[PDB]
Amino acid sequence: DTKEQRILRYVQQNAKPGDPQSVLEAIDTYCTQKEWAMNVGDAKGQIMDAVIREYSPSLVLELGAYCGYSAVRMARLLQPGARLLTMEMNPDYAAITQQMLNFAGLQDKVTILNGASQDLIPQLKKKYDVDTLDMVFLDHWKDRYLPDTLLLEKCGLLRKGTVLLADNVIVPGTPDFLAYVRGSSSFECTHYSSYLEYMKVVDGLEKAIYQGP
């Protein structure tokens, strides 16, 4: 019995099917009262919501799904017809995320891609019929934020205005990614100071808007 299975069971028994807000509230209650887990959380989640509402992206890519908390958070605010693709290397987490989206009634808006982001990103154009991405949410291996951002550019997946939103830039931290985007004329950066999910520890989101080559 895993922590991720316990979170999914808790949602199924304490939230309303087809109600994404109740799913988010149940995950946040479980993680504050029972066991911490690496979901983006409500503090950083409110900043995510404000970014999503500002840009109303039609196609979002997420790197790292975990239990589907951030996928539910983003997908619930997407416009009819807009889509989210989420890459998850851990098959057990991918199965939890699929069941979380199904319970939230968001399954038609989100596609889980099982595998490594370094292998899946080069297949987006030809296999998944992607042209360019409107937004990317980075929440996977912290040492992969920079290489995958460089890979997205190489693959022609970024366009002028693509919004990169990165979790955990302070804790655990993404020092090479932060230094790179903040020092590059190809990105316009904004830091949103906040708190590590379910903890009185400072963390933050970085928004890095791609400006073209």
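Throughout, rigid core stands for the largest set of C-alpha atoms superposing within 1.5 Å between the two forms. All residue numbers are counted from 1 along the displayed sequence.
- Comparing the two stretches 192-200 and 17-25 by root mean square C-alpha distance in 5 other deposited structures of this protein, with all structures fitted on the core, the more displaced one is 192-200.
- Of the two stretches examined, 175-183 and 28-36, the one with higher mean CA deviation in 5 other deposited structures of this protein after a rigid core fit is 28-36.
- When the two stretches 134-142 and 73-81 are set side by side, the higher mean Cα temperature factor goes to 73-81.
- Averaged over Cα atoms, the B-factor as recorded in the entry is higher for 125-133 than for the other of 93-101 and 125-133.
- When the Cα B-factors of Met48, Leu164, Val171, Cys31 are read from the PDB record, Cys31 comes out highest.
- Residue-level temperature factors show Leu205 in the lowest third of its chain, judged at the C-alpha atom.
- Looking at the C-alpha B-factors along this chain, the one for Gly156 belongs to the highest third.
- When the CA B factors of the chain's modelled residues are split into thirds, the value for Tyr192 lands in the lowest one.
- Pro175: CA B factor lies in the highest third for its chain, per the PDB record.
- In the deposited entry, the Cα temperature factor of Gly64 places it in the lowest third of its chain's modelled residues.
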